[PDB]
Amino acid sequence: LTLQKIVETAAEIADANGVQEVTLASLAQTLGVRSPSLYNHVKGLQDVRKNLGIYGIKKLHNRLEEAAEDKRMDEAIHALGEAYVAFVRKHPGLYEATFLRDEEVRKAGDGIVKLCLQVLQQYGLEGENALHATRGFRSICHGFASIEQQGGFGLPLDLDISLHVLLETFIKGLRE
Amino acid sequence: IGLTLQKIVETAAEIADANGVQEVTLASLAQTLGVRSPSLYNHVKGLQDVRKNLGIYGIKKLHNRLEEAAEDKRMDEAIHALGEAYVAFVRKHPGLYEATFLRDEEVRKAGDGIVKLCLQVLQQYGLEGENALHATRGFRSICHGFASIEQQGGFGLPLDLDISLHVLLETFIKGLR
């Protein structure tokens, strides 16, 4: 039993059943262990949620780094957006956990902002425009993934095409 | 003021905005109205019916703010006014906006007016049919994503939020043109 095992279990419960289904009893039950032993690693349920949020955002970051590896500019942006949305599709509970209003959860997302900013600086932008563009890119990916997840894209059109079109429009606007 | 469906819906809206859509129940409705639970059944079938009517009301309220914002504006002026109005609605009505996502045909149907408005502006850039439809999704994604992140407190950078939103709108517009 480690903090990591506990957190990986919380992740599977969260994706399959909803993040609100993560409890110490459900974790102990699933790991086949007595619940008091969880307290050698976590302070309680809120502490579990914190760690789950940090784990989620690190796993997202890993997917994004992988997708963008040895790609530049347009290909990197497309692969980043695609991987962002794929992450939300397959890990809804883990993704939801990254939005815990906790300063450690927030800070663990900094590698994602840096990666985005690094790719966006390849576009040779003025003043603060690199910095606005990271908010822009994050808004696009969260926006698309969130509407799609909630069933708000009712039109018959292919969603993978729609995402590609949105990313291309963003890229075109960055190029001028 | 005798009890009506519209009052029940307006009560649900205030509850949702204050405490979240999840706080909207027959019991919370009954207790805030100072009335009891069979009285609500004269006007609503039950909570799904409340949720549906709440979703329609919120969508209609959002649509109105957007129609007003875009009036006598075209192209860039319209896009900027539309996006600003969308996000402003989310800031002011977080729970009502959440309600508009109910998976129900009547709720979806009432949201067609917004998609139609966006499509009409995007066609001014010479976008046609299918590709214009892809662009509506993009614009909704931008507005929803920005507002949703702002609301969760996810914009930590010491950048002005009004500027960031409209810089994104500028970039989107340039990418259409």
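Values below: every heavy atom of this structure, side chains too, minus hydrogens, waters and symmetry copies. Order of the sequence lines fixes the chain letters, A, B, ..., with proteins taken first and strands second; residue numbering starts at 1 for each chain.
- Proximity to chain B (any heavy atom under 4.5 Å) is restricted, for A:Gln149, to the backbone atoms N, CA, C and O.
- Shown here for B:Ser141 and A:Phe144, the closest heavy-atom pair between the two residues is OG-CA, 3.5 Å.
- A:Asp158 touches chain B through its backbone: at least one of N, CA, C or O sits under 4.5 Å from a heavy atom, while the side chain does not.
- Between B:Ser148 and A:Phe99, the closest side-chain pair of non-hydrogen atoms is not below 4.5 Å.
- Residue A:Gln20 qualifies as enclosed at atom CD: its count of foreign heavy atoms under 6.0 Å is above 12.
- Under a cut-off of 6.0 angstrom, the local environment of CD in B:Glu150 is crowded, with over 12 non-hydrogen atoms contributed by other residues, nucleotides or ligands.
- Annotation for A:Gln122: atom CD counts as buried by contact number, over 12 foreign heavy atoms lying within 6.0 Å.
- More than 12 heavy-atom neighbours from other residues, nucleotides or ligands sit within 6.0 angstrom of NZ on A:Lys71.
- No other option in A:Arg101, A:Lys172, A:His164 has as many heavy-atom pairs under 4.5 Å with chain B as A:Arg101.
- Contact tally against chain A (heavy-atom pairs below 4.5 Å) for B:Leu159, B:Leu176, B:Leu169, B:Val167: the top residue is B:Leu159.
- The hydrophobic cluster containing B:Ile149 also contains B:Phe139, counting ILVMFWY residues as joined when their side-chain heavy atoms lie under 4.5 angstrom apart, directly or transitively.
- Linking ILVMFWY residues whenever their side-chain heavy atoms come closer than 4.5 Å, directly or via other members, leaves A:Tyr55 and A:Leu100 in distinct clusters.
- Proximity to chain A involves both the backbone and the side chain of B:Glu130, based on heavy atoms less than 4.5 angstrom apart.
- Both the backbone and the side chain of A:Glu176 come within less than 4.5 Å of a heavy atom of chain B.
- Few gaps surround CD on B:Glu10; more than 12 heavy atoms of other groups in view lie less than 6.0 Å from it.
- Counting heavy atoms from C-beta on, the side chains of A:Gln150 and B:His144 come closer than 4.5 Å.
- With hydrophobic clusters built from ILVMFWY side chains whose heavy atoms lie under 4.5 angstrom apart, B:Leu165 does not share a cluster with B:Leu157.
- Remark: side-chain polar atoms of B:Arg137 are not paired, donor with acceptor, to backbone N or O of A:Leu166 under 3.5 angstrom.
- Listed by sequence position, the residues of residues 24-56 of chain B in contact with chain A number zero, using a 4.5 angstrom heavy-atom cutoff.
- Between chain B and the residues A:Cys141, A:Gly109, A:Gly136, the most heavy-atom pairs under 4.5 angstrom are made by A:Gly136.
- Note on B:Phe89: it does not cluster hydrophobically with B:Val107, by side-chain heavy-atom contacts below 4.5 Å among ILVMFWY residues.
- For A:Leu159, the parts lying near chain B are the backbone and the side chain together; criterion is any non-hydrogen pair under 4.5 Å.
- Following chains of ILVMFWY side-chain contacts shorter than 4.5 Å, one cannot reach A:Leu125 starting from A:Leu117, and the two form parts of different hydrophobic clusters.
- Distance CG/A:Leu131 to CD1/B:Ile163: 13.5 Å, rounded to 0.5 Å.
- Within 6.0 Å of CZ in A:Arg106 there are more than 12 heavy atoms belonging to other residues, nucleotides or ligands.
- Contact record, A:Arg138 with B:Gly154: NH2-O, 2.6 Å, taken as the closest heavy-atom pair.
- Neither the backbone nor the side chain of A:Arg175 comes within contact range of chain B; no heavy atoms are under 4.5 Å apart.
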